[PDB]
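FYI the Cβ positions are ideal-geometry reconstructions off the backbone, even for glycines, and counts take in every protein chain you see. What follows draws every value from the coordinates through simple rules; no lab data is involved.
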Amino acid sequence: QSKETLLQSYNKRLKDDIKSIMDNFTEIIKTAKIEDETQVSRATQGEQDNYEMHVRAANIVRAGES
Amino acid sequence: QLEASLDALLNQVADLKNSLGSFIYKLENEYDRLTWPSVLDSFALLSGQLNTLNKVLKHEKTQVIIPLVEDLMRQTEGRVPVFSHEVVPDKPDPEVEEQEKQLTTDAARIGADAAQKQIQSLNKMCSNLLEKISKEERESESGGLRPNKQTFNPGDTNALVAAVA
Amino acid sequence: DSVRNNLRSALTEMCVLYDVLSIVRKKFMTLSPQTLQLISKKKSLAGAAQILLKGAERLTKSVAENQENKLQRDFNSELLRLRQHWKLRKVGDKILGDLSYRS
Amino acid sequence: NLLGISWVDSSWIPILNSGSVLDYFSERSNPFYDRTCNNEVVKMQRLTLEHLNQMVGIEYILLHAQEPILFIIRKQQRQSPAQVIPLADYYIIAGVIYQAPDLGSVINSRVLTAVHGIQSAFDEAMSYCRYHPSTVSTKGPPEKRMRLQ
C-alpha cells in the first residue's frame, strides 16, 4: 500500500525523531541554570525541577536512541 | 488579583494529577510491562506539567486560608468548614530532613571563596559557553534547504527523440 | 506497585492542593549559604548522565557483540545471505515467493 | 514553628468563646505567639482589645468571631493602629488552635513530594526486563447442518 509513500513517511518520521532528539539535547544543555534563580522555594522547587529535567532528558535520550 | 494565578496553578496541578492517575489506572494491570508502552509519554507529560507549574509560580503573581465561608463543592460537600480547617494543617519529610541536614553540614565540603557560589558561577559560565556553541551549531545546520538529488532529464530528450526526420 | 503507590500519593497531594486553592478561590488572608539550586543542578546533571552513559554503553556493547559474532545476526543479515542464496521475497508483510518455479 | 501541628489547650483553654479567647491567647498550646508581643503587655493590668491596639505591639485580635463552632482569630503584628498583619497562630477554629500558615510552603512541600515520587517511580520502572536492540478446506457447513438436525 503506497510503498514509495510508506518509505517517504518512514524517512520523515526518522528525520523528525532525530530533530526532536537534537532539540531535546540542546534544551537540556541550555536549561542548566546554575544561578540560584529559585527564590520562592529553593530547596523544594529547585530540586523538583532539577529531577524533572533530568528524567525528561534521560527519557528523550533513550527514545532518540531507540 | 493573585486569585487568577492561583486558579491557573490549581487547574494545572489537577490536570497533571488526573493525567497521571488515568495513565496509571489504564496501565496498572497489577504490574507494569517492561517495554515502555506509554511510560516515556507519561514521564514527558508529568515533567512538562511540573515545568509549566514551576514557570507559572515563578513568573509573577498574576498567605492565610480560613475555613469555608463547583469543584470544591464536590470535595467539601455539605458545607463543612471544619473539614477544610482540619485538612489545611495536615509534613513529616523524613528524607527531606536528612537532605537538609547533609546540605547544612557544609554545603560545599571544601573552601570558602571556592564554595557553592564560585562553583555555581563556573558552572553557569560553562553552561553559557555550551549554549553558545549549540546555538552556533544550530545556526550553521539551519542552512540546509532540501536534499536536492538529481536524475535523468526526459523532458528535453522527449521532444528531441527520433522521428520520421 | 511502589510506582503505583508513589503516583497515588502524588495525585492525592495534588488533589488536596487543588481543593485548598479552589476553596481559597471562601475566606483568604495574608500571613544560609545552602545554594539549593546550585547543588541541585549538578545533582540532576550527574543523575541524568549516569543513565545516559549506561544506555550508551549498553547500546555500544550490543552493537559490538552483533558485529563480532556474525552468526546470531538474524535481523537482515541472515536475510541478505538467504536472498543471495534463494528466491525473491514479495514483501507484503514479511516474506513470500517460495520455490514455485514461476521464474 | 508550630503551623504543622494542630494542638489545643485542654485544661488551660476550656472553651473558645469570647472570654476564653484571652485565656487561649495567654496559654500557648503548644506555641501560639511570642512573649514579646502586645498580648503580654495588655495582660499586665487587664486583658482588653482596646489597650492592645493602643499599645504599639503585636496584638491578638479576632478575624472572624462565632461562638457556635469556629472563631477565626487575627494575631495582628504592627506597632500602629488601623492595621492587622497576621503573624502568629492562635486561632479558635473548631475550638482549637488552627495553623493559619502560608500556602506557599505547603505547595512547595506537595510539589517536592510529587517530584520525589515520580523520580522513584521512573527509577523503579526503568530496568524491569530485557528490552535491548536484539482453513480453506474447512467445510464445517455439513457439521453445522448435522448439529441443527
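Give me a comma-separated list of calculated 3J(HN,Hα) values for the stretch D:80-93, in order, Karplus coefficients 6.51, -1.76, 1.60 applied at θ = phi - 60°, integers in Hz, x for any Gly or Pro.
Once rounded to whole Hz, the list reads 9, x, 6, 7, 9, 9, x, 10, 7, 9, 9, 6, 10, 5.
Give me the net charge for the shell around B:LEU103: Cβ to Cβ below 12 angstrom, other residues only, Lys and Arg +1, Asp and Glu -1. Intermediate results must be reported in sequence, preceding the final value.
Details: positive: A:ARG42, B:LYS101, B:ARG109, C:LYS43; negative: A:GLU47, B:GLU97, B:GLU98, B:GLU100, B:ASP106.
Spelling it out: positives minus negatives among the neighbours equals -1.
For C:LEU80 and A:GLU4, what does the FRET efficiency come to when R0 = 30 Å and r is the distance between their Cβ atoms, rounded to the nearest 0.05? Please report the intermediate quantities before stating the final value.
Numbers: r = 22 Å, r/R0 = 0.74.
That pair, C:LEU80 with A:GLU4, gives E of 0.85.
Say the dipole of chain B comes from +1 at the beta carbon of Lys and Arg and -1 at that of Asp and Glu; which of B:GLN49, B:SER142, B:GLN120 then lies farthest toward its positive end?
So the residue we want is B:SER142.
Please grab the % of Cα pairs in the stretch A:1-56 that end up more than 17 Å from each other. Walk me through the numbers on the way to the answer.
On the way: 876 of 1540 pairs.
More than 17 Å apart: 57 percent of the Cα pairs in the stretch A:1-56.
Under a cut-off of 27 Å between alpha-carbon atoms, report the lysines in cross-link reach of D:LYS43, not counting same-chain residues fewer than 8 places apart.
D:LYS75
Cα extents of the stretch D:20-93 along the three principal axes, largest first, in whole Å?
31, 23, 20
What number does the protein assembly as shown give for Rg over Rh if you use C-alpha atoms and the Kirkwood radius?
Values: Rg = 33.3 Å, Rh = 28.6 Å.
Using Cα coordinates only, the ratio equals 1.16.
Taking the Cβ of C:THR60 as the centre, find all other residues whose Cβ is under 15 Å away and add up their charges (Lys, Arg: +1; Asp, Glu: -1).
Numbers: positive: A:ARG62, C:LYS54, C:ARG58, C:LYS61; negative: A:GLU65, C:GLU57, C:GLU65, C:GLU68.
That works out to 0.
Using a 10 Å cut-off around each Cβ of peptide D:6-12, what is the average number of partner chain Cβ atoms that fall inside? Let's see the in-between values first.
On the way: counts 5, 0, 0, 0, 0, 0, 0.
Whole-number average of other-chain Cβ neighbours for D:6-12 is 1.
Please give the peptides A:58-66, B:97-105, B:77-85 ranked by average Cβ packing (other Cβ atoms within 10 Å per residue), highest first, as a rough proxy for protection.
Numbers: A:58-66: 18.8, B:97-105: 12.0, B:77-85: 15.4.
Packing proxy ranking, top to bottom: A:58-66, B:77-85, B:97-105.
Once you place label points 7 Å from the Cα toward the Cβ at C:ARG89 and B:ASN51, how far apart are they in nm?
About 4.1 nm separates the two model spin labels.
Take peptides B:149-155, D:25-31 and line them up by average Cβ neighbours within 10 Å, highest first, as a rough protection proxy.
Details: B:149-155: 6.7, D:25-31: 17.7.
The densest-packed peptide leads the list: D:25-31, B:149-155.
Using the count of nearby Cβ atoms within 10 Å as a rough guide to exposure, how do B:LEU53, B:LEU2 rank from fewest to most?
By the 10 Å Cβ count, ascending: B:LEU2, B:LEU53.
Placing unit charges on C-beta atoms (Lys and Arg positive, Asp and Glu negative, everything else neutral), compute the dipole magnitude of the stretch D:93-149 about its Cα centre in debye, rounded to 20. List each step's numbers first, then the result.
Values: 6 positive and 4 negative charges, 174 e Å.
Value, rounded to 20: 840 debye.
Per residue of B:112-121, count partner chain C-beta atoms within 10 Å of its C-beta, then hand back the mean as an integer. Working shown, then result.
On the way: counts 1, 0, 0, 3, 10, 4, 1, 6, 10, 3.
Counting Cβ atoms of other protein chains within 10 Å of each residue's Cβ and averaging gives 4.
If you line up the Cα atoms of the stretch B:9-165 on their principal axes, what length do they span on each, largest first, in Å?
Per principal axis, max minus min of the Cα coordinates gives 104, 57, 41 Å.
Please work out, to two decimal places, the log10 of the ratio I(q)/I(0) at q = 0.09 Å⁻¹ from a Debye calculation in which every Cα of chain C carries one identical scatterer.
Scattering profile of chain C, log10 relative to I(0): -0.67.
Can you give the Rg to Rh ratio of the stretch D:2-149, both from alpha-carbon atoms, with Rh computed by the Kirkwood formula? Present the calculation step by step, with values, prior to reporting the outcome.
Numbers: Rg = 32.2 Å, Rh = 19.7 Å.
Over the Cα atoms of the stretch D:2-149, Rg/Rh equals 1.64.
Taking amide H positions as placed 1.01 Å from N in the peptide plane, with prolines and chain starts having none, which residues 5 or more places from D:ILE61, or on another chain, fall under 5 Å of its amide H?
D:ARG74, D:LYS75, D:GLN76
Quick one: which of D:119-131, B:135-147 comes out on top by average Cβ neighbours within 10 Å, and what's the full order, highest first?
Numbers: D:119-131: 15.8, B:135-147: 8.7.
In decreasing order of mean packing, D:119-131, B:135-147 become D:119-131, B:135-147.
Average partner chain C-beta neighbours within 10 Å, per residue of D:126-132? Don't skip to the answer; put the middle values down first.
Numbers: counts 11, 3, 7, 3, 2, 6, 5.
Per residue, the average neighbour count from other chains is 5.
Rounding to the nearest 10 and keeping the result within 0 to 90°, find how far the Cα-based axis of helix A:3-30 lies from the longest principal axis of chain A.
10
Among B:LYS132/C:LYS61; B:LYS149/C:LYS61; A:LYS3/A:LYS30; B:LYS101/C:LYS42; C:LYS61/C:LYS90; A:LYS30/B:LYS58, which pairs are too far apart, with a Cα-Cα distance over 29 Å? Before the final figure, lay out the partial values.
Working: B:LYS132/C:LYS61 33 Å; B:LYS149/C:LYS61 36 Å; A:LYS3/A:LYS30 40 Å; B:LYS101/C:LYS42 18 Å; C:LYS61/C:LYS90 34 Å; A:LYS30/B:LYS58 18 Å.
As for pairs spanning more than 29 Å Cα to Cα, those are B:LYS132/C:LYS61; B:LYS149/C:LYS61; A:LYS3/A:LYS30; C:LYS61/C:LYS90.
Distance between Cα centroids, the stretch B:64-124 to the stretch C:1-38: provide it in whole Å.
9
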